[PDB]
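Cβ: placed from backbone, ideal geometry, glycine included. Neighbour counts: every protein chain shown. Rule-based calculations on the coordinates, nothing more; no lab input.
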Amino acid sequence: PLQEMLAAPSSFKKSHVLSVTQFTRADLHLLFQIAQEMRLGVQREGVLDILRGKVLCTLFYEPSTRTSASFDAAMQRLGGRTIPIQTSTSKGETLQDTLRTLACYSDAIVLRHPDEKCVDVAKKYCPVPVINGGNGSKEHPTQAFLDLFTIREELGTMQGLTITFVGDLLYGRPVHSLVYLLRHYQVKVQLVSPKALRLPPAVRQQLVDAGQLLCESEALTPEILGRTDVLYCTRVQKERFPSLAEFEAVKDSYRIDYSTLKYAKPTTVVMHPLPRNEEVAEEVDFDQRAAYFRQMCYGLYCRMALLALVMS
Amino acid sequence: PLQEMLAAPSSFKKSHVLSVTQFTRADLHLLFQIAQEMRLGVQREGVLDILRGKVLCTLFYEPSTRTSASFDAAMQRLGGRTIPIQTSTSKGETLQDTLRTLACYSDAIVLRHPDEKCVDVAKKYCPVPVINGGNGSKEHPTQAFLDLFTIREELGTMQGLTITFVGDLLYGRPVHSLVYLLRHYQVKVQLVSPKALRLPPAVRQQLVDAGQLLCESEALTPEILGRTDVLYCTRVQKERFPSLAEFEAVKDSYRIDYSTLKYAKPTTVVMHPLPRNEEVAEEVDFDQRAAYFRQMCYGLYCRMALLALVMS
Amino acid sequence: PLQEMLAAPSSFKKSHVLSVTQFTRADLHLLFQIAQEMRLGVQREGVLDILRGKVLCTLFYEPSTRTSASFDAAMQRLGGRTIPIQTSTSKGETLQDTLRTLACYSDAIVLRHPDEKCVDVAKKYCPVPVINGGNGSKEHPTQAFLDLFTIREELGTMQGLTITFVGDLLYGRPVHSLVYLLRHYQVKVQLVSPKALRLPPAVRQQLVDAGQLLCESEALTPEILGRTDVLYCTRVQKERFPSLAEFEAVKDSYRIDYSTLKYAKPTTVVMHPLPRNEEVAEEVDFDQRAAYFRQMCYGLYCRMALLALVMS
């Protein structure tokens, strides 16, 4: 059955994966279908036989253990091989020289780089598929895929859901990517954020265009929480505020702990792309609704399906 | 035959491997039996087919090439897959967040961490087996296993042996772990150490309880050496002494070179957990009795058998 | 057919690969033959089944992504396993201790080390084959092999060729190694270099002995370029010159860009061992004659064949 799905046509095949804007609702539906079978296969066989003759390089100019190890494990559980490039402390060879070098060894490269334009360098020069693992934190498409997959799997549907984004919605680009992916579905969105860290006007206008913008609030109210199906939290960082007083104030209001979960639904899904500071208290980690570690498991099967589609 | 042994019941199966205190004489006998077959299998096939669908993460917060590469090679020679997590220079994500992340990718994690309590964090939070590769140097259970295996294999038995521990017996915790493992057998122990760096009273009292304590000496005498079956050396570090004069004095007395081996038995086994400074001179490396590199080979088969038992 | 070639006798089998001076014209002919089949196999199967039960360690004391990842990918595309040792920032264990440790885990080690004498340490102490990935930049034998292979493959022959070495021919040791490998063939050599950075007298005298030295020039003339079949460029580094003025002067004269390629042949092969600074302009990267990335692909198949011969 996975064989049939992977034989089906896809925009992923032999393609760079650089932006969520490349892919359709149909593309993601197939990805999630294959992801579902990837999980069943792994439960049965552990290491599958899909990409046995393929080699993936991972090329992370800044470390992200959660992302790089996810791709390594996905590739190896597809039966493929991985070559993780040591992240140097360096000044060094140009990105395009390194990519063209590694393209002689591997069939695809996962690239994470602090320059947003790194995706344009990859497009111009790299003769094998490049998967964007983070381009100056502008986009992180497989994080967007796994976030959406997490919602679908935790709550079973997409229609009728209310999603509450809380924290730094200006710098929290995973929110923007997920807002783009949500344009097809009949959802409602609540934006809880300091006034300084609200969504960029273009992303807000995306929600307006879709008839999805429900409420905008500085405060994480019992009322907002009471109607939340998905509480998607972002990291609030001190550099976003000139004064410490304001920074700690906003943190204390937004901290997700038992004091705030008591206003949520029994079925609210608490999500966080991670790393976290203290915006989600450790005391809630064992709560049913704490889904930010299931998120990582969902990402494995999503990236297995992505790698299968790209390199098969 | 390995298949039969691995089908046999074991305390290792699906278990954390955190302390030598978890396991019995029977547990270790089975481990060593399987280790013996692991060596035969490797000699015949190089890479076996025991853990083909399993994935091991190695998570070393401080480097130990001898330990991490041993586990990587053992896992891969079992036919499994390995994901070695780059040791960062970092301040970073909490240990429990990282473990729960990597548990979504792998079936077991080998963890080395500078906090002794890291084993308690792993117990509370990690939903897959964690193997302790060193917890603030308090314990290193697979080092204890391979040390004991080395003795069994080099000398053929455990009964009637005299073991001489030399060096820093206060901070040299591999000695303490091995003393615990030796409680079942009819051995005699000689402790050669500066008075400041003698065994902790509890560990000494362990030897007394077992009727194994033979002699305690500041000097590495021709008499002590003449009755030594196993000379287990530890690193003496300058920080253990306020003055340089005392540090160099103790080093010169304890240095194992041809000048000191001439008093040993033709069959004395010279062991060292490594890394070494100068307490074992390079001139003895090619001597039959120099077993600290065979130790590493023995560790490979011991860790192959451990990984097989835990994850099969 | 690869099976027959690999069954054929070879100086590579079970041997250290430390210097180009170890191997004959016959040895290299077989290597290149096998390399050719390695490429066909990879095109068909991606990952072959030649070294399925073998384990390669890569041990790089200074990073060289192009070299270490090439060996990793070659080993894995032979169906073998790889254990890449993290390059530390460290003061640490002696080289011989580390090698003897890793020899207990792997069947061969690729070693790159800043001490030229590291090859002598490996010879004395390491009980498995060591492949020299760079010994204080004195030798880099597999780079020499792939350079020669690149010429053979790009131009089809070795007889009648004119090779032009340009840049730092004093510190550019890949030139010296390639000059040694070229002693069998009827080639002519042009040496374009500043007078301070000319070839060492012994290497020049090698070319004289072989009846291959054609011309020595400070300037990269239209005449020299017009007769060049292979333009092998080396990096010119500022430390080679006391004054910046001279350094930039020599760089501007030697920079390979369209302004200089217009004097070359339509068939001139532009080679560079890499990394490059600006001595080969990015504008020529898409030119047919720009072979420094095909070089890397050729290196993969060369190292596949080398690893097959050593460890089969």
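Going by the alpha-carbon gyration tensor, a ≥ b ≥ c the square roots of its eigenvalues, is segment C:1-143 rounded (a/c under 1.5) or, if a/c is not under 1.5, prolate (a/b greater than b/c) versus oblate?
prolate
Enumerate the calculated ³J(HN,Hα) couplings along segment B:10-18 in order (Karplus 6.51 cos²θ - 1.76 cosθ + 1.60, θ = phi - 60°), each rounded to whole Hz, writing x wherever the residue is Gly or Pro.
7, 5, 6, 5, 6, 10, 5, 10, 10
Using Cβ contacts closer than 10 Å as the measure, can you line up A:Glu62, A:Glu154 from fewest to most? Don't skip to the answer; put the middle values down first.
Numbers: A:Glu62 12, A:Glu154 19.
Placing the least packed residue first, the sequence is A:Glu62, A:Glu154.
Compute the relative contact order of segment A:224-271 as a whole-number percentage, counting only Cα pairs closer than 8 Å that sit 6 or more residues apart in sequence.
69
Along Cα→Cβ at 7 Å, what distances in nm separate the B:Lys13 label point from those on the other copies, shortest first?
In ascending order, 4.5, 4.5 nm.
At C:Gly92, label 7 Å along Cα→Cβ: distances to the other copies, nm, ascending?
Relative to the other copies, C:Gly92 has label-point distances of 1.6, 1.6 nm.
Residues with beta-carbon under 14 Å from that of B:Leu59, excluding B:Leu59: net charge, scoring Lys, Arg +1 and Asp, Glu -1?
Numbers: positive: A:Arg66, B:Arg100, B:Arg112; negative: A:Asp72, B:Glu62, B:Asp72, B:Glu93, B:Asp97, B:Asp107, B:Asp115.
After counting each charged neighbour, the total is -4.
Per residue of chain C, what 222 nm ellipticity follows from adding -39500 (n - 2.57) for every DSSP H run with n ≥ 4, rounded to the nearest 500?
Calculated from helices alone, the mean residue ellipticity at 222 nm is -12500 deg cm²/dmol.
Could you line up C:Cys233, C:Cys302 from fewest to most neighbouring Cβ atoms inside 10 Å?
If I rank by nearby Cβ atoms, fewest first, I get C:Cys233, C:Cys302.
Spelling out what I want: for every residue of segment A:262-270, take phi, set θ = phi - 60°, compute 6.51 cos²θ - 1.76 cosθ + 1.60 (Karplus), and round to whole Hz; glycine and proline get x.
In residue order, the calculated couplings are 4, 8, 7, 7, x, 10, 4, 9, 8 Hz.
Based on alpha-carbon centroids, what's the gap between segment B:209-252 and segment B:17-67 in Å, whole number please?
The distance from the Cα centre of segment B:209-252 to that of segment B:17-67 comes to 31 Å.
Relative contact order, percent, of segment C:167-303 when contacts are C-alpha pairs under 8 Å separated by at least 6 residues?
23
Can you list residues from other chains, or at least 5 along the same chain, whose modelled amide H is less than 5 Å from the amide H of B:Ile256?
Those lying under 5 Å, H to H, from B:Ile256 are B:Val280, B:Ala281.
Taking each label point as 7 Å beyond Cα in the direction of the beta carbon, state the distances from C:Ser312 to the same residue in the other copies, shortest first, in nm.
Spelled out, the distances from C:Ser312's label point are 3.2, 3.2 nm.
Please list 3J(HN,Hα) in residue order for segment A:236-241, calculated via the Karplus relation 6.51 cos²θ - 1.76 cosθ + 1.60 where θ = phi - 60°; whole Hz, with x for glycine and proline.
Computed from phi, the couplings for segment A:236-241 are 9, 10, 4, 5, 6, 9 Hz.
What percentage of all Cα-Cα pairs in the protein assembly as shown are separated by more than 37 Å?
Counting every Cα pair in the protein assembly as shown, those more than 37 Å apart make up 54 percent.
Taking other Cβ within 10 Å of each residue's Cβ, how do C:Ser253, C:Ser88 sort, fewest first?
Listing C:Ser253, C:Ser88 from fewest to most nearby Cβ atoms yields C:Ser88, C:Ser253.
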